[PDB]
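Student: opening piece of the complex, as it sits:
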Amino acid sequence: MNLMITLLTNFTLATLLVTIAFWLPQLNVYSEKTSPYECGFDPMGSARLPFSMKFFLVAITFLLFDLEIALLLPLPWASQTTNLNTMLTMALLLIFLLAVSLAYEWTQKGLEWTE
Amino acid sequence: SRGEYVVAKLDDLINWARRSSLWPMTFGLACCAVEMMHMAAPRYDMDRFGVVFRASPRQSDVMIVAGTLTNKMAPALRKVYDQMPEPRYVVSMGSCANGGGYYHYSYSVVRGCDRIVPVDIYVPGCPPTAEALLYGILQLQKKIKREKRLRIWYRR
Amino acid sequence: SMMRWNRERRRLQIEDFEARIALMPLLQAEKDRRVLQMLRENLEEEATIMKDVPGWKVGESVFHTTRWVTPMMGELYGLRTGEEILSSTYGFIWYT
Amino acid sequence: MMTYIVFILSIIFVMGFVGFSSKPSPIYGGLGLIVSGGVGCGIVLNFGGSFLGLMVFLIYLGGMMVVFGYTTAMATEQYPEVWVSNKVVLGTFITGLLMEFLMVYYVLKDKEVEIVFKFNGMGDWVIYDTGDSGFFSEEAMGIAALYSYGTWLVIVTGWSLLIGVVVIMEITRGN
Amino acid sequence: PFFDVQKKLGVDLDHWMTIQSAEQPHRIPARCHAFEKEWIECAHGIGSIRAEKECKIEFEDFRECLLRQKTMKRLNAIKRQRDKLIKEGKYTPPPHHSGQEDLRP
Amino acid sequence: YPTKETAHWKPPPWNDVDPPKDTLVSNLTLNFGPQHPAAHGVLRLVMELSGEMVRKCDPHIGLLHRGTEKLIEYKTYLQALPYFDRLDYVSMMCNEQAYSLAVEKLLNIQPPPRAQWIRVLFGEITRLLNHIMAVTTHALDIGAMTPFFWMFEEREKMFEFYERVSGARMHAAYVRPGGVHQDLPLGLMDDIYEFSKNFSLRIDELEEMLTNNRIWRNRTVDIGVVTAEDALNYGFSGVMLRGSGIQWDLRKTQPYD
Amino acid sequence: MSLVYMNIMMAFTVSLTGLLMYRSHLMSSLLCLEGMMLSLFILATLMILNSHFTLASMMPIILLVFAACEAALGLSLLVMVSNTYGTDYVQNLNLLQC
Amino acid sequence: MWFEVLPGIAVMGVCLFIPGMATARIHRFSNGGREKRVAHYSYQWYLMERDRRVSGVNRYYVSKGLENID
């Protein structure tokens, strides 16, 4: 119960400062103040254009490696077992498979950025 | 009575908090920009007075026009001034931004930046020294101290 | 240094677990008696509520066996107030 | 009302699901799935499995941020229909919210509904257990026993992930 | 084609997980371990047809242990009748259901 | 069996490979404008990018075009002399020396030896000022801002030398056709000697904080590589030529005073 | 059963109708797919934790692992689709109609 | 000199001293002069509610010794 009280206290502390930052001071709002900032000059096109990304392969393998380390976090509890040799072998084999995947990406120029 | 006392105290508080937290934007054009960053050198060190650069116009308070304002630069200067939130202040540096200076009769030089933006402090020189620019900044601070905005609101 | 301290911590952990094991039978006896008393209190009040309803039999077991089953959470605290509900069901999970 | 805590969390769960299953824009779909993942972690944390909730929250947050990068690269347009900008999206969002609140009102009145299974009206505190777990947590010990019991599961999962890296690298080749 | 390799070779790959009454880490029992044991031992080696005909009581009792339909049904009946009795004015709750009775242990 | 719906259905290609149908890829066109700490005051780089790899750079200039070389034609030589201070406002005295050398070549007169030695010494001082600003501003653009504040004290000291010899910190108007305007005040060269004594240690600590840092090396080892032939063909002069391997210097090949 | 089961399967059905009716965006259907896997995860772990099937606690981690693997496969196929055509619209995949 | 930042550093020091000491004092007050109980696992929770039941005040930090028994 205490965690929801703490989260609510933090949230209404955060939203109190924003609400007093929008109604307190004097406003002079024109159709020049809110223009997008492009270092002093008018922008040449929209900001919603496709902003192409070069590190797509690293993002996909970030998903796969995040799941690899998600599988790996039960290790402090798994060290409290009786079948210690099998647990040690499977932990070592999982980490070795992670390293094998990383090395195969490294040797195949997958981590190098496109263009 | 009491309301005038309260609004005078509130005016003093907000004037101190505004004059002790001047954030100028990184904006220079010419020789006078080199003199401004020589004012920001460790010899004079305007960071002592709470004066620290902020590159974006949205997070700046005072605009320092240091350099020559040409015809190709005037719409950019005006736009950057417009994007600066209220309250905003303008300090003119050097003879180029004051009245054109050496290039007053030039075909492509705006004769003074006061034709584009409302200027508070004019700092003369070519270039004005770093002590002169610090004097202009302190003059702008003393000008901010003499503002009676809530007093005017209460009287109106 | 970490090896020495970890082995000492394991010895202390085994000592704590031994203390808990020595405490288990008394707590188990009180838990059995409290559960049976609460079930009897719920059954004795179930007859008072169910007097007008036809086709009802008090103390009916929904299972086809006579084997004792573990009492369901709602079978124990079904008639009690919401403070005890929050203290017993979500009490340990919510506790700090 | 506080006894219905998992009910309120599941209603926020379905609200986020119908918010992002209208498919307004994948940025707002990402926000909706972030909300749904967080409140699902909450639900399974009141059921006791804190580790599982923390893992699903962390994994979905990472995946949602990567796919946010993807839609800022790939799935974007000039004027994204964030919400209310399209007729069918607003219509289906309102339809889903109305249907969900309708069945919540129905189950909080008759205390029993029949959609294809049969669902009861009380809170889910009744189906808990009155015993103690001793000096261990059941979910943590199960996923710990993954290493000592599930060697075959470890083998097939690691092999599938390694060949998944191989698969995604030999898909984005171009020739 | 259920090419059962596990019994032919003598290894087990997913046999330890498939039921609720198998071996658990330091023997943590499930909620309905006994009912699963009874239903499993009732219907071993007799086939599926004789399993659904000759172990219907054990299976339906185990299924009631799993989802608990009838338990919450009876609880709903008791709760609804108690609420109607409270609202109408023919019943008063006892003091030990009100918040204090000098609890047992 | 062809029908109305199956009228535009062409058969698939023989190799089952379609032409790539190359639509415009819509490169994002950023504006590295003048209100930017990276751009040196006024520089409108219209920049066509594929996300962040640069595909085209078009530096629009002329935002500081004052039209100096018309007002020079409208004024006398002594009046046009201060115009050369404000072209390169961090290498002023070398510009004064260049203008004076051109006018002295046209006038068939030469300065006295002491004026020449003062000119060369103060040109070396101006070279120190320019190189300090160049290295420190490059480091500030990269991200290391401590050498800027470290060496701007020395820049202030050379500005004090300029003011002592001429009365102005930056635009001295000191080197004129025919020599220099004024003789050196007494005691200036001793202070120059003290400053020159300590400046080696100043350069040493700047170099120690910059030249061995691997973060500084990664931003400079393979950036902006120019071959010698394109450096000659594009009109590059000075430090670019000397860094690309061309053994060229005007102080050794076409010497002055 | 419990009403939390009602809401979880009702969320699953919402995301199922979301996946099966396209809105001219493949990535939104991918998001609906991840929503369905999240709902499966929540339902599985709810019943597993309620019935105290302790050995089955390792299962939903594996299910979510394979969910993310198939999500990564979907994203890679989407990179190929967006590299062929201008955008990721599902109406551009109509070459196999003749 | 270089010791003039030490005002702000000492202010940060006391500002980080405040919350830990505040939590320590609040835990030592609202738990009858003793440390707050840490219930990591359900056995400790069952023991804490056992004390809450034997205490008779519905407040578990009121601790009954062996003088309660006959």
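Tutor: Yep, it's here. Residues are numbered from 1 along each chain as shown, chains lettered A, B, ... in the order given.
Student: can you show me the strands along chain B?
Tutor: Applying DSSP state E to chain B gives strands spanning B:62-66, B:89-93, B:121-123.
Student: what residue in chain E comes nearest to chain D?
Tutor: residue E:13 (4.3 Å; CB to the nearest CB). Yep, even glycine has a C-beta here, placed from its N, CA and C like the rest.
Student: ugh, wrong one, I meant chain B
Tutor: Residue nearest to chain D within chain B: residue B:56 (21.7 Å; CB to the nearest CB).
Student: what backbone torsions are found at the residue lying closest to residue A:89 once chain neighbours are set aside?
Tutor: Take residue A:89 and drop its neighbours on the chain: the residue closest to it by CB to CB, 6 or more residues apart in numbering or on different chains is residue D:151, 7.9 Å away. Here is the backbone geometry of residue D:151 (degrees, to the nearest 10): phi -70, psi -40.
Student: what's near enough to touch residue D:151?
Tutor: For residue D:151, the contact set (CB atoms under 8 Å, 6 or more residues apart in numbering or on different chains) comprises A:86, A:89, A:90.
Student: thought the first one was touching residue D:148?
Tutor: Yes: counting by CB atoms under 8 Å, residue A:86 touches residue D:148, with 5.8 Å between them.
Student: who's more crowded, these two?
Tutor: Taking other CB atoms under 10 Å in any protein chain shown, residue A:86 and residue D:148 do not tie; residue D:148 has more neighbours (19 against 15).
Student: what are the buried residues along the host helix or strand of residue A:103?
Tutor: According to DSSP states H and E, residue A:103 maps onto helix A:84-107. Residues A:87, A:90, A:91, A:94, A:97, A:98, A:101, A:102, A:105 are the ones in helix A:84-107 that count as buried (16 or more other CB atoms under 10 Å in any protein chain shown).
Student: so which of the residues you listed reach chain D?
Tutor: Near chain D, judged by CB under 8 Å from any CB of the partner chain, the entries from the buried residues of helix A:84-107 are A:87, A:90, A:91, A:94, A:97, A:98, A:101, A:105.
Student: chain I should join the structure above:
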Amino acid sequence: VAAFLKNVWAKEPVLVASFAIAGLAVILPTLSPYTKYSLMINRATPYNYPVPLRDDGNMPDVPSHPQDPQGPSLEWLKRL
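Tutor: Take a look at chain I, now in place beside the chains above:
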């Protein structure tokens, strides 16, 4: 193979250190004799309740008291 080791230590020492550490971690539990002590320590941790067996009459190995001499003791855990 010494020249290759010198070259790879001259070029990428981080990969050499990682390969050495991983090889050490793989091959050390095979040759070390302290792992059985860890096994017995893990086995001798009492998570459950040690339920007693019914005394039929022929079981002299199992003790009747926790302070009886017969049974598995933990002296080695004290000494180690």
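Student: now with chain I: the buried residues of helix A:84-107?
Tutor: A:84, A:87, A:88, A:90, A:91, A:94, A:95, A:97, A:98, A:101, A:102, A:105.
Student: and for stretch D:136-153?
Tutor: D:136-151, D:153.
Student: check stretch B:40-51 too.
Tutor: Within stretch B:40-51, the residues that count as buried by 16+ other CB under 10 Å are B:40, B:41, B:43, B:44, B:46, B:49, B:51.
Student: wait, the first one touches residue B:53, no?
Tutor: What that stands for is residue B:40. Yes: the criterion here is CB under 8 Å, and residue B:40 meets it with residue B:53 at 7.5 Å.
Student: so who does residue 86 touch?
Tutor: The chain I'm using is chain A. D:147, D:148, D:151.
Student: please go with chain D instead
Tutor: Contacts of residue D:86 by CB under 8 Å, 6+ apart are residue D:24.
Student: hang on, residue C:10 packs against residue I:45?
Tutor: Yes: under the criterion of CB under 8 Å, residue C:10 makes contact with residue I:45 at 7.5 Å.
Student: who are the contact partners of the residue most central in space within chain D?
Tutor: Using CA atoms, centre = their mean, the residue of chain D that lies closest to the mean C-alpha position is residue D:37, 4.3 Å off. Listed by CB under 8 Å, 6+ apart, the contact partners of residue D:37 are D:56, D:57, D:60, D:61, D:64, G:38.
Student: would you mind measuring from the fourth one to chain H?
Tutor: It refers to residue D:61. Residue D:61 sits 26 Å away from chain H, taking CB to the nearest CB, to the nearest Å as the criterion.
Student: do the fifth one as well
Tutor: Between residue D:64 and chain H the distance, using CB to the nearest CB, works out to 31 Å.
Student: downstream of the helix of greatest length in chain D, the next helix or strand is which one?
Tutor: Counting by DSSP state H, the longest helix found in chain D is helix D:50-73. As assigned by DSSP H and E, the chain's next helix or strand after helix D:50-73 is helix D:87-107.
Student: can you slot in chain J too:
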Amino acid sequence: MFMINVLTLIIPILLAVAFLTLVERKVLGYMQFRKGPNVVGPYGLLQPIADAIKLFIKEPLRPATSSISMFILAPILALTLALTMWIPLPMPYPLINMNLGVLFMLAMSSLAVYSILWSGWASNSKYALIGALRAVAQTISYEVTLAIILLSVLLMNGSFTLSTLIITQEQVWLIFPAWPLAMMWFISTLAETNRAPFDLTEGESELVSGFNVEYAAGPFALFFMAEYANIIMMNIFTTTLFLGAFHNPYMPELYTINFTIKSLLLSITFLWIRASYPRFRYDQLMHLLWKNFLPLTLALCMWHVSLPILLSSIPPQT
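Tutor: To build on what is shown above, here is chain J added in:
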């Protein structure tokens, strides 16, 4: 009396945030041969007050082309995530004792990125989108190595509980058997907090002001105190992980003062790192945590899995 505890936690951390801005400006003055703010008050003690009052009387300036909902929502999320970050930190008693506190920090570290991402996306700007995608790349660079470093360190602790980390190093410091893990942990938290040399988001040179280039005063201050609370608690997290102090259950103030001095020295070293190095590229950082940190971390994880089995030094999980 829980609300009093929450208030006495959440007010001093933002006061210390303001005074950390003061101390950072003073140290960043004093290393570069100059002074800090010493004009406003006695040795400049009133500068954060003046900055705070100034930022809350300036114009709010919501852009017209920006989606207003996410534009307002992002700084609230940033401040709330920085404020709920501090909850399970034991000094020596945490506000909320949690069985799994480390995973809670990891999940909230994942969540706090989204404030930066949505503030970049909502403000219709190209520089803001550039900063947002740089934040995305930074997160996919650092997160795996951060989680696996913390996993391979906690294997000697026995559990994810932060209070057990006090007991597990009451004999010797944990920086001794995991000094390489300590260095890569320090670098990973340098990258997490968007501080130099891994800024790459609020770059004032490659960009103008990064993802908050359109945010005027007030809302911008929320990001400022969110980031400074992040750096303070991350130094506190490192201090708890590797530099545990002597704890007396009768006098907790000894542990509080020892811990406070160590975390202050860590923040001083943090600002020391800030004023010494050039900024990296945003692809050179990706080639740093993957090509240099990840293989050594996998090797160290093998080592720290096999080592408790090796020395019979498996820590208790209770």
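Student: the buried residues of helix A:84-107 again please, chain J included this time.
Tutor: A:84, A:87-88, A:90-92, A:94-95, A:97-99, A:101-102, A:105-106.
Student: neighbours of residue A:58, how many?
Tutor: Neighbours of residue A:58 (other CB under 10 Å): 23.
Student: to clarify, my last question referred to residue B:21.
Tutor: When neighbours are counted by other CB under 10 Å, residue B:21 registers 24.
Student: find the nearest non-adjacent residue to residue B:62, please.
Tutor: Among residues not flanking residue B:62 along the chain, residue B:89 sits closest, at 4.3 Å (CB to CB, 6+ apart).
Student: contacting residues for residue F:206?
Tutor: Residue F:206 makes contact with F:135, F:147, F:150, F:151 under the criterion CB under 8 Å, 6+ apart.
Student: right, I mislabeled it, should have said residue J:222
Tutor: A:14, A:17, A:18, J:75, J:76, J:78, J:79.
Student: excluding its backbone neighbours, what's nearest it?
Tutor: Using CB to CB, 6+ apart, the nearest residue to residue J:222 is residue J:75, at 3.7 Å.
Student: what is the nearest of the contacts of residue F:206 to chain I?
Tutor: Of all the contacts of residue F:206, chain I sits closest to residue F:147, with 29.8 Å by CB to the nearest CB.
Student: re earlier: check which helix or strand covers the residue nearest to the centre of chain D.
Tutor: Using DSSP H and E, residue D:37 sits in helix D:26-46.
Student: quick one: work out the angle between that helix and helix D:50-73.
Tutor: Helix D:26-46 and helix D:50-73 are oriented at 180 degrees to each other (axes from the mean of the first three to the mean of the last three CA atoms, to 10 degrees).
Student: and the angle for helix D:26-46 with helix D:87-107?
Tutor: Orientation of helix D:26-46 against helix D:87-107 (the same axes, to 10 degrees) gives an angle of 20 degrees.
Student: the residue in chain B positioned nearest to chain E: how many residues sit nearby?
Tutor: Nearest residue of chain B to chain E: residue B:6, at 52.1 Å (CB to the nearest CB). Using other CB under 10 Å, residue B:6 has 12 neighbouring residues.
Student: thanks again, I'm all set now.
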